[PDB]
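S.K.: If you scroll down you'll find the structure; I have some questions about it.
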Amino acid sequence: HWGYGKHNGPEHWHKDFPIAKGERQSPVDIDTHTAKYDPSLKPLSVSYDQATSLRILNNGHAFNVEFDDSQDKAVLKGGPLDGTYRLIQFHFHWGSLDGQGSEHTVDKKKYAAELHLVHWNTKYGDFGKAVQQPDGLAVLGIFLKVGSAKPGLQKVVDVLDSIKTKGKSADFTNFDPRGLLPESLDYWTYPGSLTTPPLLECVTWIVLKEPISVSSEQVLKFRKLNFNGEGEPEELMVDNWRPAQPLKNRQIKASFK
Ligand SMILES: Cc1cccc(=S)n1O
Ligand code: NA
Ligand SMILES: [Zn+2]
């Protein structure tokens, strides 16, 4: 099945998921000189005061921090969005080395990692129905650079030892995702897709300009996770990023001058 290695990595995905070569695939390179300021964009509204995390799971590709999405508790609205999008999970993509790991790039620059906060459009009732729609998802993407530690990340780092291998999960209640946000909500936005199979073209991407800083010790702990399951040969979970895809007939808009 699909993964990130020589034989089942991104260059193979199109055989099981032909939309890999579609018209609105993600990630993309953000050319900052080509992205036009759009004064009709709104500030993003990120309302995470009532977010209820439940669990963390190693799915064999990354780890997911999952939320209770059965009530309007943690929502994204405003920005380029019409309506209200509910947080369902977050996860990261990261590298084997600090010079790579992000999926979007900025003027070809790769960051050490990228956080994706995944939200679904409540007009479609559930996440499964939302991913059948071209406006079903909104993903808030946040770059990570290595430097000072991010205090708000440490509870996630410290639980990873308990979910080393594929299929492991741990209770993960009362985690506050506001601690993962940078100061500024300035962003770029474009229409795109999931960056993992099934690569569905449902996503309004909202990519923050300001990275957060994490410490080298924090990212090193991500890199001790495993893609394999318990009692299988160890394959470190690193380099779980898809490279940039063709922009095609799309425009990247900036919320800021
Ligand atoms: C599972 C998922 C949902 C939305 C975006 C991305 S990159 N992923 O992986
Ligand atoms: Na849920
Ligand atoms: Zn992702």
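All Cβ positions, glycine included, derive from the backbone under ideal geometry; neighbour counts span all protein chains shown. Where a number appears in this text, it was derived from the coordinates with a stated rule and is not lab data.
S.K.: Answer yes or no as to whether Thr189 is buried (at least 17 other Cβ atoms within 10 Å of the Cβ) and touching an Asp or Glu at 6+ places or on another chain (Cβ under 9 Å).
M.R.: Yes.
S.K.: Evaluate the following for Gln100: is it within 22 Å of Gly179 (Cβ to Cβ) and within 16 Å of ligand 3 (Cβ to nearest atom)?
M.R.: no
S.K.: Consider only pairs whose beta carbons are under 6 Å apart and that are at least six residues apart or on different chains; among these, list those whose first residue lies in the stretch 1-16 and is on the phi < 0 side of the Ramachandran plot and whose second residue is in a loop (DSSP other than H, G, I, E, B) and of a type outside the set (A, V, I, L, M, F, W, C).
M.R.: Sorted first by the residue in the stretch 1-16, then by its partner, the pairs are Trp2/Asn8; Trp2/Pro197; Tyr4/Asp239; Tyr4/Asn240; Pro10/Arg242; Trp13/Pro197.
S.K.: Just a yes or no: is a residue in the stretch 174-191 within 13 Å of ligand 3 (Cβ to nearest atom) and of a type in the set (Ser, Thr, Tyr)?
M.R.: The answer is no, given that none of the residues of the stretch 174-191 is within 13 Å of ligand 3 (Cβ to nearest atom) and of a type in the set (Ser, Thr, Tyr).
S.K.: Can you go through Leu208, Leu181 and tell me which one is of a type in the set (A, V, I, L, M, F, W, C), within 18 Å of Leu81 (Cβ to Cβ), touching a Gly at 6+ places or on another chain (Cβ under 9 Å) and more than 16 Å from ligand 1 (Cβ to nearest atom)?
M.R.: Answer to the selection: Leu181.
S.K.: Report the residue count in the stretch 132-168 for those that are buried (at least 16 other Cβ atoms within 10 Å of the Cβ), away from ligand 1 (no atom under 16 Å from the Cβ) and closer than 30 Å to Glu232 by Cα.
M.R.: The number of residues fulfilling the criteria is 11.
S.K.: I would also like to ask the following. Where in the stretch 170-257 are there strands (runs of 3 or more DSSP E), lying fully within it, with 1 or more residues that are over 16 Å from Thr105 (Cα atoms)?
M.R.: 203-208, 212-214
S.K.: Could you list all residues from the stretch 42-67 that are more than 15 Å from ligand 3 (Cβ to nearest atom), surrounded by fewer than 18 Cβ atoms within 10 Å (Cβ to Cβ) and closer than 30 Å to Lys248 by Cβ?
M.R.: Hits for the stretch 42-67 are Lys42, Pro43, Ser45.
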